[PDB]
């Protein structure tokens, strides 16, 4: 573990987020009260960047596509106290029968995280604190999970969002964060049941919903694919504001860029369960300034 840091010696956190998505990392960090000195986000989706900048008013330095981040970039933008990211899982998750592993297609982008991580690592003789974390799906080939752990020299911790959210989301988490293996516990404001996430005059058919993907079909529950919501005595699909509350995002977090339903679900389906990331970053507020 790292040595505790006297409060006064603590400085703001400098975060390098690769594949930032909709800036979930920055969100949890700010909701935790941690002073964010610098948040360098590597993201290529126009709408994703739009949400991050608009919802956080330009505090995120968007660099670009991760493969064009150089060694000099890491030292100019650095130093970094936290390096986080989750690579695209379209070629790793078992939901796609045509996945291409992590050595072809988009799975390769994992090694960019591995590459930029070692660049960000403090050189020998620099005992300053440094934390990193990598997220990805559980439904990946055992060979891929093996190799990933090989390159990161660490074994993942599986955390299912069901304990703190109203949805199924089982994900592996590599990293060195303090107390990742600790038992996860629910909070007061954690929306644990679908009815807590719905709008007024809507009834929830289930306590929990199945793992949410980019596609609207994952909103229909079970083998029958029934609608999860009833309102006005008519069956209906989830709403975008409700999807956001399921993931723990602020309501209307993805009301940006004139995005419709497919767009907002696409961004939310690939994101992190906010409460899970909060559980992971929680012990960080003992190493950095808070305000």
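Positions refer to the first chain, counted from 1.
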Task: Mean C-alpha B-factor comparison - 201-209 and 169-177, higher one - done: 169-177
Task: Mean C-alpha temperature factor, higher of 108-116 and 90-98 - done: 90-98
- [ ] From the list 73, 195, 136, 155, select the residue with the highest C-alpha B factor recorded in the entry.
- [x] 155
Task: Residue of maximum C-alpha B factor among 59, 265, 225, 48, per deposited coordinates - done: 225
Open item on the list: Ranking every modelled residue in this chain by its Cα temperature factor as given in the entry, which third contains residue 11?
Closed with: highest
- [ ] Select lowest, middle or highest to describe the third in which the CA B-factor of residue 248 falls within its chain in this entry.
- [x] lowest
- [ ] Would you mind ranking residue 164 by its C-alpha B-factor against the rest of the chain and naming the third, lowest, middle or highest?
- [x] middle
Open item on the list: Ranking every modelled residue in this chain by its Cα temperature factor as given in the entry, which third contains residue 275?
Closed with: middle
Task: residue 140 by Cα B-factor - lowest, middle or highest third of the modelled chain - done: middle
